[PDB]
>>> print(open('coords-v1.cif').read())   # mmCIF, C-alpha atoms
data_structure
loop_
_atom_site.group_PDB
_atom_site.id
_atom_site.type_symbol
_atom_site.label_atom_id
_atom_site.label_comp_id
_atom_site.auth_asym_id
_atom_site.auth_seq_id
_atom_site.Cartn_x
_atom_site.Cartn_y
_atom_site.Cartn_z
ATOM 1 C CA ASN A 3 135.404 129.999 53.135
ATOM 2 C CA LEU A 4 133.079 127.746 54.650
ATOM 3 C CA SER A 5 130.474 129.720 52.437
ATOM 4 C CA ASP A 6 130.868 127.375 49.476
ATOM 5 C CA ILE A 7 129.868 124.426 51.665
ATOM 6 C CA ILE A 8 126.782 126.456 52.609
ATOM 7 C CA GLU A 9 125.933 127.360 49.031
ATOM 8 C CA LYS A 10 126.690 123.835 47.860
ATOM 9 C CA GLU A 11 124.053 122.643 50.337
ATOM 10 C CA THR A 12 121.380 125.315 49.899
ATOM 11 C CA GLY A 13 122.195 127.226 46.736
ATOM 12 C CA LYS A 14 122.613 130.122 49.157
ATOM 13 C CA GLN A 15 125.391 132.643 48.482
ATOM 14 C CA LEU A 16 125.786 133.934 52.039
ATOM 15 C CA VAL A 17 128.620 135.497 54.036
ATOM 16 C CA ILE A 18 129.500 134.289 57.563
ATOM 17 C CA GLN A 19 129.308 137.075 60.102
ATOM 18 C CA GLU A 20 130.291 135.192 63.237
ATOM 19 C CA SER A 21 131.633 131.847 64.414
ATOM 20 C CA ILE A 22 130.905 130.990 68.042
ATOM 21 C CA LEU A 23 132.646 128.196 69.926
ATOM 22 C CA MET A 24 130.341 125.755 71.738
ATOM 23 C CA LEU A 25 131.035 122.636 73.840
ATOM 24 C CA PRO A 26 129.500 119.178 73.129
ATOM 25 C CA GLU A 27 126.836 119.433 75.858
ATOM 26 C CA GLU A 28 125.593 122.834 74.727
ATOM 27 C CA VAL A 29 125.160 121.597 71.143
ATOM 28 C CA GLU A 30 123.884 118.192 72.319
ATOM 29 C CA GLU A 31 121.068 120.081 73.947
ATOM 30 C CA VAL A 32 119.686 121.911 70.923
ATOM 31 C CA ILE A 33 120.821 119.643 68.095
ATOM 32 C CA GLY A 34 119.987 116.755 70.401
ATOM 33 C CA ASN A 35 123.118 115.015 69.111
ATOM 34 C CA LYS A 36 126.449 115.064 70.941
ATOM 35 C CA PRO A 37 129.544 115.976 68.870
ATOM 36 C CA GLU A 38 132.909 114.414 69.898
ATOM 37 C CA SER A 39 134.523 117.836 70.288
ATOM 38 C CA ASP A 40 133.963 121.596 70.457
ATOM 39 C CA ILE A 41 132.126 122.753 67.337
ATOM 40 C CA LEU A 42 132.161 126.199 65.795
ATOM 41 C CA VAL A 43 128.856 127.767 64.813
ATOM 42 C CA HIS A 44 129.519 129.867 61.730
ATOM 43 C CA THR A 45 126.437 132.063 61.424
ATOM 44 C CA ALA A 46 125.220 133.843 58.304
ATOM 45 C CA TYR A 47 121.903 135.652 57.895
ATOM 46 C CA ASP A 48 119.740 135.191 54.785
ATOM 47 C CA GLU A 49 117.888 138.511 54.596
ATOM 48 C CA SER A 50 115.962 137.399 51.503
ATOM 49 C CA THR A 51 114.124 134.662 53.382
ATOM 50 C CA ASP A 52 114.647 136.052 56.881
ATOM 51 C CA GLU A 53 116.355 133.043 58.452
ATOM 52 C CA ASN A 54 119.645 132.320 60.159
ATOM 53 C CA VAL A 55 121.803 129.708 58.460
ATOM 54 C CA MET A 56 124.544 128.245 60.636
ATOM 55 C CA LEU A 57 127.200 125.710 59.755
ATOM 56 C CA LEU A 58 128.690 123.463 62.445
ATOM 57 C CA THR A 59 132.325 122.474 61.903
ATOM 58 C CA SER A 60 134.915 121.084 64.308
ATOM 59 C CA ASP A 61 137.401 123.513 65.893
ATOM 60 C CA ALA A 62 140.350 125.166 64.123
ATOM 61 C CA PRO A 63 142.330 124.066 62.218
ATOM 62 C CA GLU A 64 140.158 121.046 61.347
ATOM 63 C CA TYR A 65 137.006 122.967 60.455
ATOM 64 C CA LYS A 66 135.305 119.761 59.416
ATOM 65 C CA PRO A 67 131.559 120.046 58.535
ATOM 66 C CA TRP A 68 129.365 118.395 61.190
ATOM 67 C CA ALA A 69 125.862 119.740 60.474
ATOM 68 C CA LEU A 70 123.996 122.635 58.871
ATOM 69 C CA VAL A 71 121.163 124.347 60.715
ATOM 70 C CA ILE A 72 118.541 126.648 59.213
ATOM 71 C CA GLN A 73 116.387 128.439 61.756
ATOM 72 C CA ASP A 74 113.560 130.732 60.668
ATOM 73 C CA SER A 75 111.960 133.807 62.235
ATOM 74 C CA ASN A 76 109.913 131.514 64.489
ATOM 75 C CA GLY A 77 113.033 130.208 66.169
ATOM 76 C CA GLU A 78 112.548 126.722 64.751
ATOM 77 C CA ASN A 79 115.473 125.204 62.891
ATOM 78 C CA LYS A 80 115.883 122.653 60.138
ATOM 79 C CA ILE A 81 118.824 120.441 61.172
ATOM 80 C CA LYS A 82 120.791 118.565 58.497
ATOM 81 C CA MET A 83 123.607 116.148 59.435
ATOM 82 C CA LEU A 84 126.576 116.532 57.072
ATOM 83 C CA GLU B 4 143.010 155.491 90.911
ATOM 84 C CA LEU B 5 144.430 152.077 89.986
ATOM 85 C CA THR B 6 145.327 151.766 86.285
ATOM 86 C CA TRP B 7 145.538 148.669 84.151
ATOM 87 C CA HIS B 8 149.265 149.578 83.770
ATOM 88 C CA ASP B 9 149.734 149.437 87.729
ATOM 89 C CA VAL B 10 148.520 145.827 87.786
ATOM 90 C CA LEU B 11 149.791 144.779 84.355
ATOM 91 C CA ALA B 12 153.289 146.287 84.290
ATOM 92 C CA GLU B 13 155.055 143.049 85.288
ATOM 93 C CA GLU B 14 152.995 140.766 83.075
ATOM 94 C CA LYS B 15 153.551 143.107 80.146
ATOM 95 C CA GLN B 16 157.093 141.594 80.154
ATOM 96 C CA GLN B 17 156.917 138.138 81.255
ATOM 97 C CA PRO B 18 157.830 135.334 78.599
ATOM 98 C CA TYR B 19 154.727 134.186 76.966
ATOM 99 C CA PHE B 20 153.374 137.714 76.547
ATOM 100 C CA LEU B 21 156.269 139.035 74.516
ATOM 101 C CA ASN B 22 156.397 135.766 72.588
ATOM 102 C CA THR B 23 152.712 136.136 71.744
ATOM 103 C CA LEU B 24 153.251 139.681 70.493
ATOM 104 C CA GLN B 25 156.342 138.594 68.561
ATOM 105 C CA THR B 26 154.382 135.735 66.958
ATOM 106 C CA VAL B 27 151.392 137.914 66.017
ATOM 107 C CA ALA B 28 153.843 140.443 64.544
ATOM 108 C CA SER B 29 155.795 137.916 62.484
ATOM 109 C CA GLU B 30 152.703 136.566 60.728
ATOM 110 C CA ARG B 31 151.850 140.140 59.871
ATOM 111 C CA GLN B 32 155.351 140.561 58.426
ATOM 112 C CA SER B 33 155.220 137.487 56.214
ATOM 113 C CA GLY B 34 151.958 138.822 54.780
ATOM 114 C CA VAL B 35 149.132 137.309 56.821
ATOM 115 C CA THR B 36 146.089 139.551 57.361
ATOM 116 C CA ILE B 37 145.367 139.604 61.089
ATOM 117 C CA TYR B 38 142.340 141.267 62.669
ATOM 118 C CA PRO B 39 141.956 143.587 64.292
ATOM 119 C CA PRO B 40 144.526 146.281 63.407
ATOM 120 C CA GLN B 41 146.998 146.524 66.265
ATOM 121 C CA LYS B 42 146.183 150.116 67.231
ATOM 122 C CA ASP B 43 142.854 148.471 68.190
ATOM 123 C CA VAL B 44 144.145 145.272 69.773
ATOM 124 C CA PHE B 45 143.894 146.669 73.351
ATOM 125 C CA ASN B 46 140.904 149.036 72.937
ATOM 126 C CA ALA B 47 138.893 147.374 75.736
ATOM 127 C CA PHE B 48 141.444 148.641 78.262
ATOM 128 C CA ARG B 49 141.750 152.040 76.471
ATOM 129 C CA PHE B 50 138.048 152.781 76.883
ATOM 130 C CA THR B 51 137.484 151.151 80.268
ATOM 131 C CA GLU B 52 139.940 151.776 83.116
ATOM 132 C CA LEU B 53 140.490 149.334 85.961
ATOM 133 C CA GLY B 54 138.843 151.702 88.408
ATOM 134 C CA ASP B 55 135.830 152.210 86.079
ATOM 135 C CA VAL B 56 134.842 148.563 85.641
ATOM 136 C CA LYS B 57 131.205 147.970 86.647
ATOM 137 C CA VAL B 58 130.005 145.252 84.308
ATOM 138 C CA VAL B 59 132.022 142.744 82.355
ATOM 139 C CA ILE B 60 130.960 140.812 79.272
ATOM 140 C CA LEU B 61 133.168 138.030 77.930
ATOM 141 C CA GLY B 62 133.873 137.362 74.284
ATOM 142 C CA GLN B 63 135.752 134.640 72.411
ATOM 143 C CA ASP B 64 137.837 135.961 69.511
ATOM 144 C CA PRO B 65 137.721 138.869 66.994
ATOM 145 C CA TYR B 66 135.400 138.985 63.976
ATOM 146 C CA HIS B 67 137.559 137.399 61.242
ATOM 147 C CA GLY B 68 135.879 139.323 58.438
ATOM 148 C CA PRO B 69 137.128 142.753 57.198
ATOM 149 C CA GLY B 70 136.023 146.030 58.729
ATOM 150 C CA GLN B 71 134.187 144.014 61.364
ATOM 151 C CA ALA B 72 136.196 143.858 64.608
ATOM 152 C CA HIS B 73 137.773 146.956 66.209
ATOM 153 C CA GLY B 74 138.957 145.777 69.620
ATOM 154 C CA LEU B 75 135.700 145.418 71.551
ATOM 155 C CA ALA B 76 133.823 142.199 72.290
ATOM 156 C CA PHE B 77 130.650 141.796 70.180
ATOM 157 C CA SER B 78 130.938 145.439 68.909
ATOM 158 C CA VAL B 79 131.504 146.044 65.176
ATOM 159 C CA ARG B 80 132.489 149.153 63.262
ATOM 160 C CA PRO B 81 129.662 151.500 62.249
ATOM 161 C CA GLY B 82 128.342 150.740 58.775
ATOM 162 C CA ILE B 83 128.790 147.025 59.353
ATOM 163 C CA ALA B 84 125.802 144.688 59.576
ATOM 164 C CA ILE B 85 124.744 143.843 63.129
ATOM 165 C CA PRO B 86 126.017 140.319 63.939
ATOM 166 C CA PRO B 87 123.471 137.591 64.819
ATOM 167 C CA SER B 88 124.416 137.304 68.497
ATOM 168 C CA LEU B 89 124.531 141.107 68.986
ATOM 169 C CA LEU B 90 121.141 141.531 67.338
ATOM 170 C CA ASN B 91 119.673 138.966 69.763
ATOM 171 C CA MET B 92 121.268 140.879 72.627
ATOM 172 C CA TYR B 93 119.458 143.935 71.257
ATOM 173 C CA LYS B 94 116.084 142.215 71.286
ATOM 174 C CA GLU B 95 116.434 141.283 74.932
ATOM 175 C CA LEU B 96 117.267 144.855 75.848
ATOM 176 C CA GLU B 97 114.253 145.863 73.786
ATOM 177 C CA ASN B 98 112.016 143.437 75.667
ATOM 178 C CA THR B 99 113.447 144.234 79.105
ATOM 179 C CA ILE B 100 114.167 147.967 79.200
ATOM 180 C CA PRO B 101 111.213 150.334 78.611
ATOM 181 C CA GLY B 102 111.893 152.836 75.830
ATOM 182 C CA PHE B 103 114.944 150.991 74.505
ATOM 183 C CA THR B 104 114.862 150.754 70.718
ATOM 184 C CA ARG B 105 117.022 148.970 68.125
ATOM 185 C CA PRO B 106 120.048 151.222 67.216
ATOM 186 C CA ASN B 107 120.506 150.290 63.526
ATOM 187 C CA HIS B 108 124.256 149.975 64.249
ATOM 188 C CA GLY B 109 126.567 147.744 66.288
ATOM 189 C CA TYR B 110 129.121 150.271 67.575
ATOM 190 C CA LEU B 111 129.478 149.726 71.362
ATOM 191 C CA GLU B 112 131.907 152.415 72.493
ATOM 192 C CA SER B 113 129.446 154.235 74.759
ATOM 193 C CA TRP B 114 129.040 150.995 76.746
ATOM 194 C CA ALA B 115 132.775 150.921 77.447
ATOM 195 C CA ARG B 116 132.889 154.570 78.437
ATOM 196 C CA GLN B 117 130.165 153.778 81.024
ATOM 197 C CA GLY B 118 132.201 151.086 82.721
ATOM 198 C CA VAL B 119 131.562 148.062 80.507
ATOM 199 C CA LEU B 120 134.647 146.021 79.702
ATOM 200 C CA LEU B 121 133.921 144.121 76.518
ATOM 201 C CA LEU B 122 136.933 141.808 76.767
ATOM 202 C CA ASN B 123 137.507 138.929 74.344
ATOM 203 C CA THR B 124 139.331 135.899 75.736
ATOM 204 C CA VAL B 125 141.543 135.884 72.586
ATOM 205 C CA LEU B 126 142.622 139.217 71.079
ATOM 206 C CA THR B 127 143.573 138.421 67.468
ATOM 207 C CA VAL B 128 142.519 136.260 64.517
ATOM 208 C CA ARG B 129 143.757 135.314 61.031
ATOM 209 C CA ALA B 130 141.452 136.921 58.446
ATOM 210 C CA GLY B 131 139.133 134.124 57.348
ATOM 211 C CA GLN B 132 139.960 131.438 59.892
ATOM 212 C CA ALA B 133 137.955 131.757 63.079
ATOM 213 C CA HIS B 134 139.764 130.696 66.279
ATOM 214 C CA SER B 135 143.108 130.654 64.474
ATOM 215 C CA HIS B 136 145.032 132.231 67.371
ATOM 216 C CA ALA B 137 143.793 130.014 70.175
ATOM 217 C CA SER B 138 146.773 128.650 72.142
ATOM 218 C CA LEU B 139 148.968 131.546 70.999
ATOM 219 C CA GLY B 140 149.187 132.713 74.591
ATOM 220 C CA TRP B 141 146.297 135.185 74.753
ATOM 221 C CA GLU B 142 144.010 133.170 77.052
ATOM 222 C CA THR B 143 146.776 133.140 79.655
ATOM 223 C CA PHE B 144 146.921 136.933 79.480
ATOM 224 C CA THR B 145 143.185 137.723 79.633
ATOM 225 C CA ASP B 146 142.886 134.897 82.175
ATOM 226 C CA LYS B 147 145.185 136.996 84.356
ATOM 227 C CA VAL B 148 143.195 140.168 83.656
ATOM 228 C CA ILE B 149 140.067 138.580 85.070
ATOM 229 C CA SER B 150 142.054 137.401 88.079
ATOM 230 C CA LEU B 151 143.286 140.989 88.583
ATOM 231 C CA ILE B 152 139.790 142.518 88.566
ATOM 232 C CA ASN B 153 138.608 139.738 90.881
ATOM 233 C CA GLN B 154 141.313 140.486 93.447
ATOM 234 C CA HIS B 155 141.598 144.278 93.122
ATOM 235 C CA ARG B 156 137.931 145.183 92.919
ATOM 236 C CA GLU B 157 134.591 144.804 94.661
ATOM 237 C CA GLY B 158 130.988 144.662 93.492
ATOM 238 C CA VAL B 159 131.602 144.070 89.776
ATOM 239 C CA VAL B 160 129.022 142.368 87.538
ATOM 240 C CA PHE B 161 130.154 139.485 85.336
ATOM 241 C CA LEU B 162 127.957 138.468 82.388
ATOM 242 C CA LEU B 163 128.991 135.004 81.239
ATOM 243 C CA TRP B 164 127.009 133.634 78.302
ATOM 244 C CA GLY B 165 127.793 130.110 77.219
ATOM 245 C CA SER B 166 129.772 127.264 78.721
ATOM 246 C CA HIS B 167 133.067 128.660 77.503
ATOM 247 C CA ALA B 168 132.592 132.022 79.239
ATOM 248 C CA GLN B 169 131.227 130.497 82.426
ATOM 249 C CA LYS B 170 134.359 128.327 82.661
ATOM 250 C CA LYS B 171 136.642 131.353 83.026
ATOM 251 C CA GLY B 172 134.122 132.448 85.627
ATOM 252 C CA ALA B 173 135.406 129.731 87.939
ATOM 253 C CA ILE B 174 138.053 132.245 89.078
ATOM 254 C CA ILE B 175 135.645 134.981 90.192
ATOM 255 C CA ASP B 176 134.760 134.980 93.910
ATOM 256 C CA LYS B 177 130.950 134.956 93.970
ATOM 257 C CA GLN B 178 130.882 136.686 97.336
ATOM 258 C CA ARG B 179 132.986 139.630 96.115
ATOM 259 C CA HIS B 180 131.390 140.123 92.662
ATOM 260 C CA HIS B 181 128.043 139.614 90.967
ATOM 261 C CA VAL B 182 128.297 136.715 88.567
ATOM 262 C CA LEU B 183 125.398 136.162 86.171
ATOM 263 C CA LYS B 184 125.387 133.419 83.537
ATOM 264 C CA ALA B 185 123.107 132.371 80.684
ATOM 265 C CA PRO B 186 123.223 130.577 77.292
ATOM 266 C CA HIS B 187 125.007 132.325 74.445
ATOM 267 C CA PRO B 188 122.896 134.911 72.518
ATOM 268 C CA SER B 189 123.703 132.851 69.455
ATOM 269 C CA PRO B 190 120.609 131.987 67.396
ATOM 270 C CA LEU B 191 121.441 128.343 68.117
ATOM 271 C CA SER B 192 120.995 128.662 71.869
ATOM 272 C CA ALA B 193 119.390 132.106 72.256
ATOM 273 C CA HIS B 194 115.916 130.603 72.773
ATOM 274 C CA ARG B 195 117.275 128.040 75.228
ATOM 275 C CA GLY B 196 117.508 130.614 78.009
ATOM 276 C CA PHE B 197 119.296 133.734 76.829
ATOM 277 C CA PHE B 198 116.039 135.430 75.992
ATOM 278 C CA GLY B 199 114.489 136.704 79.195
ATOM 279 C CA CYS B 200 117.494 136.412 81.488
ATOM 280 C CA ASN B 201 117.003 140.097 82.316
ATOM 281 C CA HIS B 202 120.767 140.446 82.698
ATOM 282 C CA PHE B 203 120.993 144.094 81.607
ATOM 283 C CA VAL B 204 118.411 144.967 84.253
ATOM 284 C CA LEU B 205 119.684 142.786 87.093
ATOM 285 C CA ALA B 206 123.091 144.316 86.370
ATOM 286 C CA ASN B 207 121.696 147.833 86.765
ATOM 287 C CA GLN B 208 119.619 147.113 89.885
ATOM 288 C CA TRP B 209 122.678 145.840 91.679
ATOM 289 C CA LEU B 210 124.593 148.925 90.588
ATOM 290 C CA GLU B 211 121.930 151.292 91.962
ATOM 291 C CA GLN B 212 121.411 149.243 95.130
ATOM 292 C CA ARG B 213 125.172 149.707 95.599
ATOM 293 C CA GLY B 214 125.031 153.458 95.174
ATOM 294 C CA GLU B 215 126.295 153.153 91.621
ATOM 295 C CA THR B 216 124.850 154.893 88.593
ATOM 296 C CA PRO B 217 123.259 152.440 86.125
ATOM 297 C CA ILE B 218 124.188 151.771 82.501
ATOM 298 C CA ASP B 219 122.288 153.534 79.702
ATOM 299 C CA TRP B 220 122.139 150.391 77.516
ATOM 300 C CA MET B 221 121.290 152.413 74.366
ATOM 301 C CA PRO B 222 124.421 152.595 72.178
ATOM 302 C CA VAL B 223 125.206 156.079 70.891
ATOM 303 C CA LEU B 224 127.342 156.953 67.874
ATOM 304 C CA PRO B 225 130.095 159.365 69.091
ATOM 305 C CA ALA B 226 131.127 162.805 67.829
#
>>> encode(input="coords-v1.cif", output="structure tokens")
Amino acid sequence: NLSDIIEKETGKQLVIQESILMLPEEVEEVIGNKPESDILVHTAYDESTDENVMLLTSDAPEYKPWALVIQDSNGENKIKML
Amino acid sequence: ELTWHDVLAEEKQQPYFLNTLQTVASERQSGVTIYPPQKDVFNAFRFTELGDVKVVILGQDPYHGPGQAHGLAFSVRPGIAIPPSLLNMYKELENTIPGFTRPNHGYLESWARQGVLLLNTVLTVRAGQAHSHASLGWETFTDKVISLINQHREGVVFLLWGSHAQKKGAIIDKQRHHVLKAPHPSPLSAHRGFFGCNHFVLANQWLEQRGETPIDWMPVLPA
């Protein structure tokens, strides 16, 4: 389930294929904003629009939404703080 | 001629390990869907023997979706959509190895048979909740595994992508084994250094230059 949070924020009915664990410095790099703890990158792929939608929640069992990131085929991502 | 059993016999019985198995088994009994199926739980060691380890790629935990995970890091079951991070891995191989071409499937058995140990730091997960079994005792186990390869082998290649993986790398003696790091193939960080790290090639060069046969990075579907 974090799919409903995705859909609720993009009208996108996607299915998460992977959730990678990343430390605050790794994420602080790309996102440019440092989370207080390890965040999980739940990644789903929107084949219709050819982009990779990822949701960033805290670690289990919190799973609190931290940000949503939509990267396109170019490798550029739209970052949205939740 | 040294088997995983030879170096893992003792550990197979210590406290934590049996507790972990007991725990994982109880959840199953109460009705919790845990991935992967057990017959698959220790597939990495089934396909790749201690003596046959050449390259080692670290994972985190099993794909929590259904049909996905089958005991090997990154690798999914045939018929399943290629996961984001694996697909990116594929591109690199495409851009680094001449002739290499996208498989259309994510089944990585052939890589294990060749000496690639696709070991995940954590071996089980609760269907739906990613990272559910962290701190169940698995890290301790795999932690040991790495320590065993590091002390009972020579000239092994370690591919650590991401801070998490690199951390477990602290154990590995850099003089005795070839340790290569890089950002995770995840779309999030892929472009921050994973693309163009030439790992699959550097890994093979070393192997040759050490009298070892290289790794045909093209995944084949068995029969």
>>> resolve_selection(input="coords-v1.cif", expression="the PyMOL selection byres ((chain B and resi 163-172) around 6)", output="list in words")
residues 162, 173, 174, 175, 184, 185, 186 and 187 of chain B
>>> closest_residue(input="coords-v1.cif", among="B:24, B:183, B:137, B:60", to="chain A", atoms="all atoms listed in the file")
B:137
>>> atom_distance(input="coords-v1.cif", atom1="atom CA of residue A:42", atom2="atom CA of residue A:60")
6.0 Å
>>> axis_aligned_box(input="coords-v1.cif", around="stretch 71-80 of chain B", padding_each_side="5 Å", output="JSON")
{"center_x": 134.8, "center_y": 145.5, "center_z": 66.8, "size_x": 18.3, "size_y": 17.4, "size_z": 20.9}
>>> atom_distance(input="coords-v1.cif", atom1="atom CA of residue A:58", atom2="atom CA of residue B:201")
28.4 Å
>>> build_atoms(input="coords-v1.cif", residues="stretch 72-83 of chain A", atoms="N, CA, C and O atoms", output="PDB file, keeping the file's coordinate frame")
ATOM      1  N   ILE A  72     119.285 125.498  59.703  1.00  0.00           N
ATOM      2  CA  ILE A  72     118.541 126.648  59.213  1.00  0.00           C
ATOM      3  C   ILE A  72     117.335 126.932  60.093  1.00  0.00           C
ATOM      4  O   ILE A  72     116.342 126.198  60.085  1.00  0.00           O
ATOM      5  N   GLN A  73     117.442 128.009  60.857  1.00  0.00           N
ATOM      6  CA  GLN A  73     116.387 128.439  61.756  1.00  0.00           C
ATOM      7  C   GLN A  73     115.684 129.598  61.076  1.00  0.00           C
ATOM      8  O   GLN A  73     116.321 130.395  60.385  1.00  0.00           O
ATOM      9  N   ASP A  74     114.370 129.674  61.259  1.00  0.00           N
ATOM     10  CA  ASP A  74     113.560 130.732  60.668  1.00  0.00           C
ATOM     11  C   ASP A  74     113.241 131.800  61.710  1.00  0.00           C
ATOM     12  O   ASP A  74     113.765 131.772  62.826  1.00  0.00           O
ATOM     13  N   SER A  75     112.363 132.727  61.343  1.00  0.00           N
ATOM     14  CA  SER A  75     111.960 133.807  62.235  1.00  0.00           C
ATOM     15  C   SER A  75     111.218 133.298  63.472  1.00  0.00           C
ATOM     16  O   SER A  75     111.161 133.980  64.495  1.00  0.00           O
ATOM     17  N   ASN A  76     110.649 132.100  63.373  1.00  0.00           N
ATOM     18  CA  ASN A  76     109.913 131.514  64.489  1.00  0.00           C
ATOM     19  C   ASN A  76     110.857 131.053  65.589  1.00  0.00           C
ATOM     20  O   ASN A  76     110.497 131.040  66.766  1.00  0.00           O
ATOM     21  N   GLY A  77     112.068 130.677  65.198  1.00  0.00           N
ATOM     22  CA  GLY A  77     113.033 130.208  66.169  1.00  0.00           C
ATOM     23  C   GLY A  77     113.164 128.706  66.047  1.00  0.00           C
ATOM     24  O   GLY A  77     113.824 128.056  66.858  1.00  0.00           O
ATOM     25  N   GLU A  78     112.513 128.155  65.025  1.00  0.00           N
ATOM     26  CA  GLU A  78     112.548 126.722  64.751  1.00  0.00           C
ATOM     27  C   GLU A  78     113.580 126.476  63.658  1.00  0.00           C
ATOM     28  O   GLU A  78     113.606 127.173  62.643  1.00  0.00           O
ATOM     29  N   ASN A  79     114.429 125.480  63.862  1.00  0.00           N
ATOM     30  CA  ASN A  79     115.473 125.204  62.891  1.00  0.00           C
ATOM     31  C   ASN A  79     115.425 123.844  62.215  1.00  0.00           C
ATOM     32  O   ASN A  79     115.048 122.835  62.815  1.00  0.00           O
ATOM     33  N   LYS A  80     115.817 123.850  60.947  1.00  0.00           N
ATOM     34  CA  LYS A  80     115.883 122.653  60.138  1.00  0.00           C
ATOM     35  C   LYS A  80     117.321 122.171  60.303  1.00  0.00           C
ATOM     36  O   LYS A  80     118.257 122.848  59.871  1.00  0.00           O
ATOM     37  N   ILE A  81     117.494 121.014  60.938  1.00  0.00           N
ATOM     38  CA  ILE A  81     118.824 120.441  61.172  1.00  0.00           C
ATOM     39  C   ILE A  81     119.173 119.373  60.146  1.00  0.00           C
ATOM     40  O   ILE A  81     118.413 118.429  59.956  1.00  0.00           O
ATOM     41  N   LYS A  82     120.336 119.515  59.512  1.00  0.00           N
ATOM     42  CA  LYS A  82     120.791 118.565  58.497  1.00  0.00           C
ATOM     43  C   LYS A  82     122.213 118.040  58.759  1.00  0.00           C
ATOM     44  O   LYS A  82     123.196 118.771  58.596  1.00  0.00           O
ATOM     45  N   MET A  83     122.311 116.772  59.160  1.00  0.00           N
ATOM     46  CA  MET A  83     123.607 116.148  59.435  1.00  0.00           C
ATOM     47  C   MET A  83     124.437 116.054  58.162  1.00  0.00           C
ATOM     48  O   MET A  83     123.963 115.532  57.150  1.00  0.00           O
TER      49      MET A  83
END
